[PDB]
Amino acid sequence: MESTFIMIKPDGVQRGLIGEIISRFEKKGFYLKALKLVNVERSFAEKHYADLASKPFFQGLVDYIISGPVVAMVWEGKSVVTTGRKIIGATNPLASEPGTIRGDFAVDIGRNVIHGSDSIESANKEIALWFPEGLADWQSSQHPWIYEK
């Protein structure tokens, strides 16, 4: 029942990786509980990157994330926060192992295809930020085969 925030970045949209990314999370056994394709504006972007407001690359982060639509998602499951980062791979795509999303698809840190919450507290914050409206809840018929007890 842990939940995490996964965002496909503008480059992930442009390079036609939306379905592929979602499939990795689906096949893993995680539950998609929220999803929307959205164009972000500066003021929202500034809130998402709030932790980095004092960084000199802050403006570039904001300039980029508004330059194309992104796909915002909430995924739910056991250890989905840390396992979500494992699926995504390392920060630098070139250090990311084949088999991970960044390992298979990315080469440039500034074009790293996807974002995943770095921690349970970051996730709760990110989810409240991106999905004020809440989630589209459901119960998977495969629950008893994905999970024990």
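Note that residue numbering follows the sequence shown and begins at 1.
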* Asked: On average, are the C-alpha B-factors higher in 8 to 16 or in 128 to 136?
  -> 128 to 136
* Out of 95 to 103 and 37 to 45, which one has CA B-factors that are higher on average in the deposited record? -> 37 to 45
* Checking the entry, which one of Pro69, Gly84, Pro56, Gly29 has the top C-alpha B factor? -> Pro56
* **Highest recorded Cα temperature factor - choice among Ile88, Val62, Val113, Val80** => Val62
